[PDB]
Amino acid sequence: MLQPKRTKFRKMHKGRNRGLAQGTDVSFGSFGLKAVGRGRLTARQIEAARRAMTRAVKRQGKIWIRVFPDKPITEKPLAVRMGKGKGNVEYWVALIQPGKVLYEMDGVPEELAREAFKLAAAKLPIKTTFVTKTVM
Amino acid sequence: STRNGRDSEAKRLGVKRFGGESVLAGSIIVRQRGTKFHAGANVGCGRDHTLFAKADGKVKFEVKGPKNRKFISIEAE
Amino acid sequence: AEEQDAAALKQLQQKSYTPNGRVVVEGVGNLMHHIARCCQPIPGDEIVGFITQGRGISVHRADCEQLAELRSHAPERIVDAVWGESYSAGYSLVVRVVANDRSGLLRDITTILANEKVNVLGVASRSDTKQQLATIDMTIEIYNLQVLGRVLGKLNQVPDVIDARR
Amino acid sequence: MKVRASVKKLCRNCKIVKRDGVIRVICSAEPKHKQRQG
RNA sequence: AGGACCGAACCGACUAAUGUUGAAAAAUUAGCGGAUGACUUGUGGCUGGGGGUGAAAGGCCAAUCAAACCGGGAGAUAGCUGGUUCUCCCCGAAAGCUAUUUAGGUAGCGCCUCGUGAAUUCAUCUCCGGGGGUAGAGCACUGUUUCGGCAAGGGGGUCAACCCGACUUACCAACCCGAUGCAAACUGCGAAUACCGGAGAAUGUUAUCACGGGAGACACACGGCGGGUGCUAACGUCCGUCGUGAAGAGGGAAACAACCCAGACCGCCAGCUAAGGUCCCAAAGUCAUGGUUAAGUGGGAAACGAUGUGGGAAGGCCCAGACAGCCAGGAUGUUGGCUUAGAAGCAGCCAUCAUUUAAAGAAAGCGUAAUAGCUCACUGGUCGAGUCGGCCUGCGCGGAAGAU
RNA sequence: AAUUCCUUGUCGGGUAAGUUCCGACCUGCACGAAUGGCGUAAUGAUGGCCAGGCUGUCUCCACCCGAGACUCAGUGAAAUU
RNA sequence: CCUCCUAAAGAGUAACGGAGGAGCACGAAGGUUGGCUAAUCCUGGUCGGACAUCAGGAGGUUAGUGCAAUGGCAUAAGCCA
RNA sequence: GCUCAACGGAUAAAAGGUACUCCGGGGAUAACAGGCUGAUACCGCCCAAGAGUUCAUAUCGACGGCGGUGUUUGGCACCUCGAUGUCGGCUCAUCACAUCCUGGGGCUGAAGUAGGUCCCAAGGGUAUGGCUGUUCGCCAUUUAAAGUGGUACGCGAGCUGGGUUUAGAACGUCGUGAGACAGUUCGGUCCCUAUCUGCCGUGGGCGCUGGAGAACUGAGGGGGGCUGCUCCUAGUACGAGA
RNA sequence: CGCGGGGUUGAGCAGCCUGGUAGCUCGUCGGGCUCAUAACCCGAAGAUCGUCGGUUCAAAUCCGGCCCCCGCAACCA
RNA sequence: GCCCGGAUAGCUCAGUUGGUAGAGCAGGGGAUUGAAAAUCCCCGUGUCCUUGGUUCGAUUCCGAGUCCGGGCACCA
RNA sequence: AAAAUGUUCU
Ligand SMILES: [Mg+2]
Ligand SMILES: [Mg+2]
Ligand SMILES: [Mg+2]
Ligand SMILES: [Mg+2]
Ligand SMILES: [Mg+2]
Ligand SMILES: [Mg+2]
Ligand SMILES: [Mg+2]
Ligand SMILES: [Mg+2]
Ligand SMILES: [Mg+2]
Ligand SMILES: [Mg+2]
Ligand SMILES: [Mg+2]
Ligand SMILES: [Mg+2]
Ligand SMILES: [Mg+2]
Ligand SMILES: [Mg+2]
Ligand SMILES: [Mg+2]
Ligand SMILES: [Mg+2]
Ligand SMILES: [Mg+2]
Ligand SMILES: [Mg+2]
Ligand SMILES: [Mg+2]
Ligand SMILES: [Mg+2]
Ligand SMILES: [Mg+2]
Ligand SMILES: [Mg+2]
Ligand SMILES: [Mg+2]
Ligand SMILES: [Mg+2]
Ligand SMILES: [Mg+2]
Ligand SMILES: [Mg+2]
Ligand SMILES: [Mg+2]
Ligand SMILES: [Mg+2]
Ligand SMILES: [Mg+2]
Ligand SMILES: [Mg+2]
Ligand SMILES: [Mg+2]
Ligand SMILES: [Mg+2]
Ligand SMILES: [Mg+2]
Ligand SMILES: [Mg+2]
Ligand SMILES: [Mg+2]
Ligand SMILES: [Mg+2]
Ligand SMILES: [Mg+2]
Ligand SMILES: [Mg+2]
Ligand SMILES: [Mg+2]
Ligand SMILES: [Mg+2]
Ligand SMILES: [Mg+2]
Ligand SMILES: [Mg+2]
Ligand SMILES: [Mg+2]
Ligand SMILES: [Mg+2]
Ligand SMILES: [Mg+2]
Ligand SMILES: [Mg+2]
Ligand SMILES: [Mg+2]
Ligand SMILES: [Mg+2]
Ligand SMILES: [Mg+2]
Ligand SMILES: [Mg+2]
Ligand SMILES: [Mg+2]
Ligand SMILES: [Mg+2]
Ligand SMILES: [Mg+2]
Ligand SMILES: [Mg+2]
Ligand SMILES: [Mg+2]
Ligand SMILES: [Mg+2]
Ligand SMILES: [Mg+2]
Ligand SMILES: [Mg+2]
Ligand SMILES: [Mg+2]
Ligand SMILES: [Mg+2]
Ligand SMILES: [Mg+2]
Ligand SMILES: [Mg+2]
Ligand SMILES: [Mg+2]
Ligand SMILES: [Mg+2]
Ligand SMILES: [Mg+2]
Ligand SMILES: [Mg+2]
Ligand SMILES: [Mg+2]
Ligand SMILES: [Mg+2]
Ligand SMILES: [Mg+2]
Ligand SMILES: [Mg+2]
Ligand SMILES: [Zn+2]
Ligand SMILES: [Zn+2]
């Protein structure tokens with residue numbers, strides 16, 4: 001699973017997920033899976049997506065994972081009341097705005113790539129659309 | 001059981017008198033931790049870097065020098 | 001879990017196992033020699049022996065990189081040859097097997113390696129962090145090229161194995 | 001009859017059809033493949 | 001003989017039922033235990049309240065017991081609960097901060113009020129003077145982050161193994177370079193707003209400040225926007241700022257403190273409007289013009305699903321005949337080789353050409369032990385008008401199961 | 001175990017079937033020797049379990065006899081609001 | 001009690017929100033006067049090594065601040081006399 | 001000269017118990033149940049890596065995703081502390097459908113029999129015992145089946161009171177001790193004559209237009225709706241046989 | 001997952017106890033004694049101090065986190 | 001009568017619609033003793049129930065007979 | 001003062 005190897009701080013504020021992405025273009029690869037839907041991709045979800053897409057391609061051509069789950073999402077255990085400090089970090093998430101290219105892909109036919117990204121998309125909780133390496 | 005319940009009393013730092021504010025000599029123009037504002041003309045830098053008026057007049061903020069630092073002067077009026 | 005256990009067992013077995021006509025260098029047999037690990041010739045497409053200072057000759061397999069380098073450096077220590085009478089045992093195949101790591105692939109691979117008439121001298125094993133790619137090098141001993149080929153084919157047949165080569 | 005949220009043409013002989021406002025895969029070649037939205 | 005046995009009186013009180021405003025403030029009926037004993041019972045006596053007595057349960061001590069009752073201290077004290085009685089007029093809060101053996105109390109300040117005084121004092125907006133370091137942005141810094149580059153430094157192996165060190169290698173790989181993100185506790189940037197000061201205009205009952213009298217209040221609530229916490233759960237919770245309720249009626253939101261509209265001095269069987277509405281319940285459009293849905297969608301919901309249906313610019317094939325049906329072929333070298341046990345388009349691996357060609361992949365799917373066989377792509381007719389499939393959005397459909 | 005959480009421990013008995021009972025094991029969470037240990041005939045309105053007998057306890061209620069309840073006449077409450 | 005953030009760019013601002021510190025130290029570690037400029041890195045060089053000390057270059061405050069953090073600090077508030 | 005550190009410092013000087021308790025308060029604050037929520041729970045669906053000889057989708061279903069239900073464990077503390085009685089059983093039930101049986105159907109890795117799964121379907125039906133306070137569970141033997149939930153985990157002004165949950169006592173354990181324990185053990189008062197609603201019955205009054213006696217119609221309402229086995233079809237279809 | 005304590009040579013214990021010094025007993029290994037093994041005698045080796053970060057001049061030592069252990073309290077309705 | 005299952009080193013068992021068979025014990029053989037146990041080494045040491053079939057190749061799949069273990073039917 | 005034992009069958 002994707003997770004920061006080291007951090008300044010264990011627990012992070014919830015914050016908000018308003019705005020659009022900066023990682024909007026298909027920078028590295030030829031094809032891209034662009035999050036239309038706003039939300040947060042957990043590390044696990046991302047991993048699953050990767051598995052789906054890599055599998056789909058059959059390790060032919062390279063794949064990028066643009067988003068990284070850098071934000072620790074905490075939870076309280078069951079039968080625990082509201083005080084007693086902020087809970088422990090159960091998992092890590094990447095806050096995805098509309099526009100965020102999530103995965104890029106090259107070294108494949110277009111159709112194949114699309115297929116891969118369909119599978120990948122299924123894994124993910126957010127609406128995602130296919131995109132290409134545009135000139136400029 | 002937490003171990004983060006602590007915080008200090010807020011010290012009321014910042015600018016007490018702003019640009020074009022007429023001050024008497026003695027009036028604290030700024031309280032601060034560093035020389036985030038330096039002493040300009042007719043302004044003293046106190047021991048805790050508290051900028052205060054050394055004369056009666058209008059407060060005057062100004063970036064100066066090679067390092068581009070905020071100097072607070074007082075224009076004697 | 002069962003698969004894992006099986007794999008472990010296989011490994012243990014391998015460990016337990018681990019626990020001169022061969023190469024006639026240039027029309028004169030019974031010369032102190034050994035197969036080089038850079039690339040290990042069996043019935044290979046010709047061989048070449050580097051006459052070392054100590055430990056006699058090191059057989060390299062013809063069209064090797066190290067051998068080429070040696071030749072470039074100094075050609076007079078090198079001697080072209082035949083692969084003798086085919087040594088009764090004719091040992092030394094290292095088989096690199098790249099595979100996609102699921103819960104019970106390595107074990108399967110191990111199992112497939114066993115049963116076939118192959119003397120498993122060693123098994124180097126690791127899971128690469130670049131993906132979840134299990135990669136394994138089996139130091140094995142076998143009597144022919146055909147046999148080796150067959151083994152390779154068998155390995156391939158287990159569908160989780162991506163590619164299997166030396 | 002499969003009855004899914006997602007009905008899909010599972011082969012070329014599978015045919016989507018709307019009956020009583022219900023999406024249905026019906027297939028001549030394979031009766032397993034026949035589906036319904038529900 | 002007996003703290004012996006059985007069993008009436010006598011003493012007791014294990015069970016059950018009844019009764020529970022009873023016949024009874026502990027009984028009755030049916031049974032049940034003891035019944036010559038540490039038994040029982042009459043009469044009189046003594047033991048006194050932190051005292052008695054107690055085969056000990058805090059049991060009993062007059063229906064009262066972890067300290068009897070009666071009287072006095074005494075109107076104990078009660079930061080708690082309740083309650084606090086005629087009328088009209090003006091103003092009108094707070095549920096904050098700080099402290100508190102304090103957290104439901106109280107005290108000072110904030111806000112309310114009454115009073116006196118005081119300046120162009122304050123507020124609105126407009127131009128000027130400012131400071132920001134938030135939103136946003138960014139990645140030189142702090143960290144973190146993916147990729148590509150060249151690569152010290154390790155690892156493997158080949159020369160050699162005492163080494164020097166040389167070679168290299170689908171092993172890992174710091175620094176540096178280029179591209180990529182992310183950050184409440186990062187900032188080589190940086191707003192809006194807010195805040196402070198000035199000048200100016202109109203306005204506003206001095207609305208501002210000071211001192212003095214009297215307070216109340218210091219449980220807040222929901223709504224909005226900015227957050228923390230929680231699960232970007234809660235009519236949750238804790239903050240910031242405004243609103244409303246609190247302390248605010250009226251109209252709307254079916255009903256609904258806090259949403260929307262709107263501030264009720266009184267009266268009127270006048271009119272205009274706000275939110276919201278205008279077929280009937282029910283006051284007002286069965287208004288006008290052009291569209292859309294067909295699901296009762298409206299009038300509850302997601303991923304995902306689908307020739308549902310509308311609108312848009314643009315693209316490929318198209319009377320050199322398309323698309324769909326219909327009629328035929330879909331061959332030769334050839335069983336390409338190889339690899340396999342076999343592989344003859346079709347376990348798979350690798351080349352993937354040419355030929356006769358109208359066209360026919362060293363073959364897309366089915367099919368065989370493999371051949372064979374059956375469809376397909378592609379081709380010519382047949383036929384006579386559009387058809388194909390994106391991506392754009394509009395509305396809709398399913399997904400969609402709960403209890404009187 | 002009046003003690004044992006894990007626990008309805010496991011084994012055996014008893015039953016068609018037993019978290020109880022009895023017996024035995026010992027892994028005594030956390031028994032133990034006069035805040036006594038372990039035995040113990042007799043005793044017990046004592047606790048637990050089993051068996052025979054007996055039965056309307058029950059299957060599953062039925063009828064019957066009386067006292068209330070219902071109607072009349074007389075008297076005449078109550079908590080509550 | 002102090003530092004940051006939370007805190008919505010003046011101040012302030014809660015939570016059993018998220019992070020760390022203090023309960024001192026120093027007669028020099030204060031005053032002043034004069035001077036000096038860091039971490040790190042490369043190449044080289046007695047034992048001397050990845051790491052002591054010395055040459056120079058790159059570096060340009062990455063360091064230092066008696067201790068936490070923040071803000072400061074080259075005119076240095078850093079380091080010498 | 002105060003770790004007056006509970007740091008605005010109550011005294012120089014202070015710890016526990018109470019189930020023997022008591023008083024004053026609070027739904028300002030818990031346990032019960034309701035409410036909001038739905039992390040968890042349960043039930044669905046989306047993707048389909050694989051498993052399933054072959055073959056993702058008969059049946060399964062990883063990595064993941066999206067919902068519903070209110071249904072477990074919880075969260076919150078809005079309702080109630082001038083009382084809203086708690087578990088279980090009993091007695092009566094009533095609704096929901098996410099159907100266990102019964103009816104209809106599709107697919108099937110459906111020969112038949114038997115199943116599996118999915119769709120529809122709530123009319124009716126839907127266990128006696130042993131053990132335990134239990135619900136639950138396990139076991140025994142049935143059954144066409146022994147549904148799953150809601151109803152104040154339905155129902156104590158209907159019963160019970162075995163459990164929890166007062167006062168007695170004891171064991172174990174912790175406590176110096178009073179005592180204490182979602183540890184155990186034995187013992188341990190369950191009140192209410194029904195005003196209103198409701199319900200089941202059952203009358204009186206008036207009406208329905210002159211009255212009276214009958215007989216009807218039927219708007220509407222209720223009840224009822226379960227199923228086994230055996231035999232025939234036929235040892236026929238099916239099946240190599242069984 | 002709330003409070004403490006611990007993890008060190010093969011075993012058990014010290015050290016930590018306020019960072020810089022790895023000790024004690026048993027075991028092990030090599031000798032010796034004996035006829036031979038014991039016991040006894042002599043000599044020796046042995047430890048990245050659970051692991052991972054961190055603070056540091058430097059950690060076993062101080063601090064955090066994670067892994068395993070041992071107490072422990074997990075209640076009142 | 002019919003069916004189903006099982007038949008593998010000495011002996012316990014492992015491996016199945018098809019790739020030349022193992023784990024334990026036992027045994028061997030060495031060092032070593034007189035031979036052992038101990039200690040130290042090294043080692044399959046098999047008619048997969050026989051006979052046929054299928055196949056490019058059978059422990060396994062189909063027969064065909066045996067043997068054992070069932071589970072079913074049968075009333076002279 | 002302290003001094004344990006000797007694998008089996010021959
Ligand atoms: Mg129909
Ligand atoms: Mg007697
Ligand atoms: Mg008496
Ligand atoms: Mg008595
Ligand atoms: Mg009783
Ligand atoms: Mg009597
Ligand atoms: Mg009596
Ligand atoms: Mg008697
Ligand atoms: Mg007397
Ligand atoms: Mg007295
Ligand atoms: Mg007295
Ligand atoms: Mg008592
Ligand atoms: Mg007293
Ligand atoms: Mg007095
Ligand atoms: Mg009084
Ligand atoms: Mg007013
Ligand atoms: Mg306070
Ligand atoms: Mg006043
Ligand atoms: Mg006034
Ligand atoms: Mg931002
Ligand atoms: Mg208060
Ligand atoms: Mg308050
Ligand atoms: Mg509050
Ligand atoms: Mg508030
Ligand atoms: Mg607000
Ligand atoms: Mg609230
Ligand atoms: Mg207000
Ligand atoms: Mg109102
Ligand atoms: Mg209203
Ligand atoms: Mg409404
Ligand atoms: Mg209204
Ligand atoms: Mg209007
Ligand atoms: Mg009207
Ligand atoms: Mg009209
Ligand atoms: Mg819909
Ligand atoms: Mg005990
Ligand atoms: Mg027990
Ligand atoms: Mg019985
Ligand atoms: Mg038993
Ligand atoms: Mg019983
Ligand atoms: Mg017993
Ligand atoms: Mg005892
Ligand atoms: Mg004693
Ligand atoms: Mg004693
Ligand atoms: Mg006794
Ligand atoms: Mg007695
Ligand atoms: Mg009467
Ligand atoms: Mg501020
Ligand atoms: Mg602000
Ligand atoms: Mg150097
Ligand atoms: Mg009371
Ligand atoms: Mg209230
Ligand atoms: Mg509750
Ligand atoms: Mg509920
Ligand atoms: Mg609840
Ligand atoms: Mg409340
Ligand atoms: Mg509240
Ligand atoms: Mg009250
Ligand atoms: Mg009341
Ligand atoms: Mg249904
Ligand atoms: Mg019904
Ligand atoms: Mg009917
Ligand atoms: Mg039962
Ligand atoms: Mg109930
Ligand atoms: Mg009850
Ligand atoms: Mg009731
Ligand atoms: Mg009881
Ligand atoms: Mg007691
Ligand atoms: Mg009763
Ligand atoms: Mg009817
Ligand atoms: Zn080589
Ligand atoms: Zn089909």
# chains A, B, ... in the order shown; residues from 1 in each chain; ligands from 1
>>> residues_near_ligand(ligand="ligand 6", cutoff="12 Å", atoms="only C-alpha atoms (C1' of nucleotides) and all ligand atoms", output="PDB file with N, CA, C and O atoms (P, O5', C5', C4', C3', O3' and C1' of nucleotides), in the first residue's frame")
ATOM      1  P     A E  24     -60.449  -3.782  57.991  1.00  0.00           P
ATOM      2  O5'   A E  24     -59.171  -4.501  58.609  1.00  0.00           O
ATOM      3  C5'   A E  24     -59.007  -4.567  60.036  1.00  0.00           C
ATOM      4  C4'   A E  24     -57.731  -5.284  60.401  1.00  0.00           C
ATOM      5  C3'   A E  24     -56.446  -4.703  59.823  1.00  0.00           C
ATOM      6  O3'   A E  24     -55.928  -3.702  60.685  1.00  0.00           O
ATOM      7  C1'   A E  24     -56.486  -7.062  59.534  1.00  0.00           C
ATOM      8  P     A E  27     -49.824 -11.291  61.341  1.00  0.00           P
ATOM      9  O5'   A E  27     -51.303 -11.880  61.352  1.00  0.00           O
ATOM     10  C5'   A E  27     -52.370 -11.202  62.036  1.00  0.00           C
ATOM     11  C4'   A E  27     -53.662 -11.306  61.260  1.00  0.00           C
ATOM     12  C3'   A E  27     -54.077 -12.698  60.791  1.00  0.00           C
ATOM     13  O3'   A E  27     -54.697 -13.438  61.838  1.00  0.00           O
ATOM     14  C1'   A E  27     -54.289 -11.195  58.999  1.00  0.00           C
ATOM     15  P     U E  28     -54.563 -15.036  61.900  1.00  0.00           P
ATOM     16  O5'   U E  28     -55.584 -15.535  60.785  1.00  0.00           O
ATOM     17  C5'   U E  28     -56.979 -15.193  60.834  1.00  0.00           C
ATOM     18  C4'   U E  28     -57.630 -15.467  59.501  1.00  0.00           C
ATOM     19  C3'   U E  28     -57.523 -16.896  58.994  1.00  0.00           C
ATOM     20  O3'   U E  28     -58.530 -17.679  59.621  1.00  0.00           O
ATOM     21  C1'   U E  28     -56.924 -15.419  57.263  1.00  0.00           C
ATOM     22  P     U E  29     -58.163 -19.062  60.346  1.00  0.00           P
ATOM     23  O5'   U E  29     -58.356 -20.135  59.189  1.00  0.00           O
ATOM     24  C5'   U E  29     -59.472 -20.066  58.281  1.00  0.00           C
ATOM     25  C4'   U E  29     -59.139 -20.774  56.992  1.00  0.00           C
ATOM     26  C3'   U E  29     -58.289 -22.030  57.117  1.00  0.00           C
ATOM     27  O3'   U E  29     -59.062 -23.160  57.499  1.00  0.00           O
ATOM     28  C1'   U E  29     -57.429 -20.682  55.392  1.00  0.00           C
ATOM     29  P     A E  30     -58.371 -24.373  58.275  1.00  0.00           P
ATOM     30  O5'   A E  30     -57.389 -24.982  57.180  1.00  0.00           O
ATOM     31  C5'   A E  30     -57.904 -25.786  56.104  1.00  0.00           C
ATOM     32  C4'   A E  30     -56.841 -26.023  55.058  1.00  0.00           C
ATOM     33  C3'   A E  30     -55.591 -26.775  55.499  1.00  0.00           C
ATOM     34  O3'   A E  30     -55.770 -28.188  55.613  1.00  0.00           O
ATOM     35  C1'   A E  30     -54.955 -24.919  54.205  1.00  0.00           C
TER      36        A E  30
END
>>> interface_residues(of="chain E", to="chain D", cutoff="7 Å", atoms="only C-alpha atoms (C1' of nucleotides)", output="ChimeraX atom specification")
/E:304-306,397-399
>>> write_last_selection(atoms="C-alpha atoms (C1' of nucleotides)", output="PDB file, in the first residue's frame")
ATOM      1  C1'   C E 304     -23.009   0.967 -12.123  1.00  0.00           C
ATOM      2  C1'   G E 305     -26.557  -0.443 -15.877  1.00  0.00           C
ATOM      3  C1'   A E 306     -29.399   0.308 -20.797  1.00  0.00           C
ATOM      4  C1'   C E 397     -35.890   4.514 -16.749  1.00  0.00           C
ATOM      5  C1'   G E 398     -33.697   0.589 -13.498  1.00  0.00           C
ATOM      6  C1'   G E 399     -30.617   0.081  -9.497  1.00  0.00           C
TER       7        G E 399
END
>>> atom_distance(atom1="atom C1' of residue H:131", atom2="atom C1' of residue F:55")
25.6 Å
>>> closest_residue(among="E:158, E:113, E:237, E:15", to="chain C", atoms="only C-alpha atoms (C1' of nucleotides)")
E:158
>>> residues_near_ligand(ligand="ligand 36", cutoff="9 Å", atoms="only C-alpha atoms (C1' of nucleotides) and all ligand atoms", output="list in words")
residues 1, 3, 4, 28, 29, 30 and 31 of chain F; 171, 172 and 173 of chain H
>>> write_last_selection(atoms="N, CA and C atoms (P, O5', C5', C4', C3', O3' and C1' of nucleotides)", output="PDB file, in the first residue's frame")
ATOM      1  P     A F   1     -18.132 -27.350  40.244  1.00  0.00           P
ATOM      2  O5'   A F   1     -17.680 -27.334  41.770  1.00  0.00           O
ATOM      3  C5'   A F   1     -17.586 -28.550  42.529  1.00  0.00           C
ATOM      4  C4'   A F   1     -17.257 -28.248  43.971  1.00  0.00           C
ATOM      5  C3'   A F   1     -18.069 -27.129  44.628  1.00  0.00           C
ATOM      6  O3'   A F   1     -18.282 -27.437  45.998  1.00  0.00           O
ATOM      7  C1'   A F   1     -15.792 -26.635  44.813  1.00  0.00           C
ATOM      8  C1'   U F   3     -14.500 -21.062  45.642  1.00  0.00           C
ATOM      9  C3'   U F   3     -15.455 -20.212  43.712  1.00  0.00           C
ATOM     10  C4'   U F   3     -16.278 -19.749  44.929  1.00  0.00           C
ATOM     11  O3'   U F   3     -14.456 -19.262  43.372  1.00  0.00           O
ATOM     12  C5'   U F   3     -17.749 -20.089  44.928  1.00  0.00           C
ATOM     13  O5'   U F   3     -17.923 -21.516  44.948  1.00  0.00           O
ATOM     14  P     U F   3     -19.246 -22.213  44.329  1.00  0.00           P
ATOM     15  P     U F   4     -14.735 -18.154  42.274  1.00  0.00           P
ATOM     16  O5'   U F   4     -14.691 -18.984  40.922  1.00  0.00           O
ATOM     17  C5'   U F   4     -13.589 -19.859  40.652  1.00  0.00           C
ATOM     18  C4'   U F   4     -13.687 -20.369  39.241  1.00  0.00           C
ATOM     19  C3'   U F   4     -14.984 -21.101  38.912  1.00  0.00           C
ATOM     20  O3'   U F   4     -15.312 -20.901  37.537  1.00  0.00           O
ATOM     21  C1'   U F   4     -13.178 -22.545  38.572  1.00  0.00           C
ATOM     22  P     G F  28      -4.299 -26.261  38.509  1.00  0.00           P
ATOM     23  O5'   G F  28      -5.243 -25.234  39.274  1.00  0.00           O
ATOM     24  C5'   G F  28      -6.653 -25.177  38.996  1.00  0.00           C
ATOM     25  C4'   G F  28      -7.372 -24.350  40.035  1.00  0.00           C
ATOM     26  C3'   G F  28      -6.763 -22.994  40.366  1.00  0.00           C
ATOM     27  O3'   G F  28      -7.735 -22.012  40.710  1.00  0.00           O
ATOM     28  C1'   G F  28      -6.627 -24.431  42.259  1.00  0.00           C
ATOM     29  P     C F  29      -8.707 -21.375  39.603  1.00  0.00           P
ATOM     30  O5'   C F  29      -7.715 -20.774  38.507  1.00  0.00           O
ATOM     31  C5'   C F  29      -6.574 -19.961  38.854  1.00  0.00           C
ATOM     32  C4'   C F  29      -6.388 -18.825  37.867  1.00  0.00           C
ATOM     33  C3'   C F  29      -6.095 -17.468  38.488  1.00  0.00           C
ATOM     34  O3'   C F  29      -4.697 -17.314  38.704  1.00  0.00           O
ATOM     35  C1'   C F  29      -7.850 -17.246  36.920  1.00  0.00           C
ATOM     36  P     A F  30      -4.135 -16.998  40.165  1.00  0.00           P
ATOM     37  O5'   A F  30      -4.971 -17.973  41.104  1.00  0.00           O
ATOM     38  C5'   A F  30      -4.773 -17.958  42.527  1.00  0.00           C
ATOM     39  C4'   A F  30      -6.094 -17.793  43.238  1.00  0.00           C
ATOM     40  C3'   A F  30      -7.124 -18.894  42.978  1.00  0.00           C
ATOM     41  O3'   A F  30      -7.649 -19.270  44.236  1.00  0.00           O
ATOM     42  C1'   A F  30      -8.104 -16.774  42.662  1.00  0.00           C
ATOM     43  P     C F  31      -7.734 -20.797  44.648  1.00  0.00           P
ATOM     44  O5'   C F  31      -8.890 -20.761  45.734  1.00  0.00           O
ATOM     45  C5'   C F  31      -8.599 -20.605  47.125  1.00  0.00           C
ATOM     46  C4'   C F  31      -9.095 -21.830  47.831  1.00  0.00           C
ATOM     47  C3'   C F  31      -8.551 -22.076  49.221  1.00  0.00           C
ATOM     48  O3'   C F  31      -9.232 -21.269  50.176  1.00  0.00           O
ATOM     49  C1'   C F  31      -8.552 -24.089  47.964  1.00  0.00           C
TER      50        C F  31
ATOM     51  P     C H 171     -16.924 -16.779  54.250  1.00  0.00           P
ATOM     52  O5'   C H 171     -16.539 -17.430  52.856  1.00  0.00           O
ATOM     53  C5'   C H 171     -16.422 -18.852  52.748  1.00  0.00           C
ATOM     54  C4'   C H 171     -16.348 -19.258  51.303  1.00  0.00           C
ATOM     55  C3'   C H 171     -15.282 -18.568  50.473  1.00  0.00           C
ATOM     56  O3'   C H 171     -14.002 -19.122  50.739  1.00  0.00           O
ATOM     57  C1'   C H 171     -17.298 -18.537  49.283  1.00  0.00           C
ATOM     58  P     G H 172     -12.773 -18.170  51.094  1.00  0.00           P
ATOM     59  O5'   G H 172     -12.241 -17.737  49.657  1.00  0.00           O
ATOM     60  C5'   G H 172     -11.804 -18.723  48.710  1.00  0.00           C
ATOM     61  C4'   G H 172     -12.032 -18.242  47.298  1.00  0.00           C
ATOM     62  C3'   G H 172     -11.374 -16.930  46.917  1.00  0.00           C
ATOM     63  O3'   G H 172      -9.985 -17.113  46.678  1.00  0.00           O
ATOM     64  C1'   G H 172     -13.608 -16.877  46.212  1.00  0.00           C
ATOM     65  P     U H 173      -8.911 -16.522  47.705  1.00  0.00           P
ATOM     66  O5'   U H 173      -8.733 -15.025  47.198  1.00  0.00           O
ATOM     67  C5'   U H 173      -8.178 -14.779  45.900  1.00  0.00           C
ATOM     68  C4'   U H 173      -8.917 -13.672  45.190  1.00  0.00           C
ATOM     69  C3'   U H 173      -8.656 -12.275  45.712  1.00  0.00           C
ATOM     70  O3'   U H 173      -7.349 -11.881  45.328  1.00  0.00           O
ATOM     71  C1'   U H 173     -10.952 -12.525  45.329  1.00  0.00           C
TER      72        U H 173
END
>>> residues_near_ligand(ligand="ligand 66", cutoff="10 Å", atoms="only C-alpha atoms (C1' of nucleotides) and all ligand atoms", output="list in words")
residues 85, 152, 155, 156, 157 and 158 of chain H
>>> write_last_selection(atoms="C-alpha atoms (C1' of nucleotides)", output="PDB file, in the first residue's frame")
ATOM      1  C1'   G H  85     -41.202  -0.810  35.849  1.00  0.00           C
ATOM      2  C1'   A H 152     -41.554   0.343  24.821  1.00  0.00           C
ATOM      3  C1'   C H 155     -47.740  -7.495  25.781  1.00  0.00           C
ATOM      4  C1'   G H 156     -46.180  -7.263  34.723  1.00  0.00           C
ATOM      5  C1'   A H 157     -53.499  -1.249  35.781  1.00  0.00           C
ATOM      6  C1'   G H 158     -52.897  -9.477  31.874  1.00  0.00           C
TER       7        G H 158
END
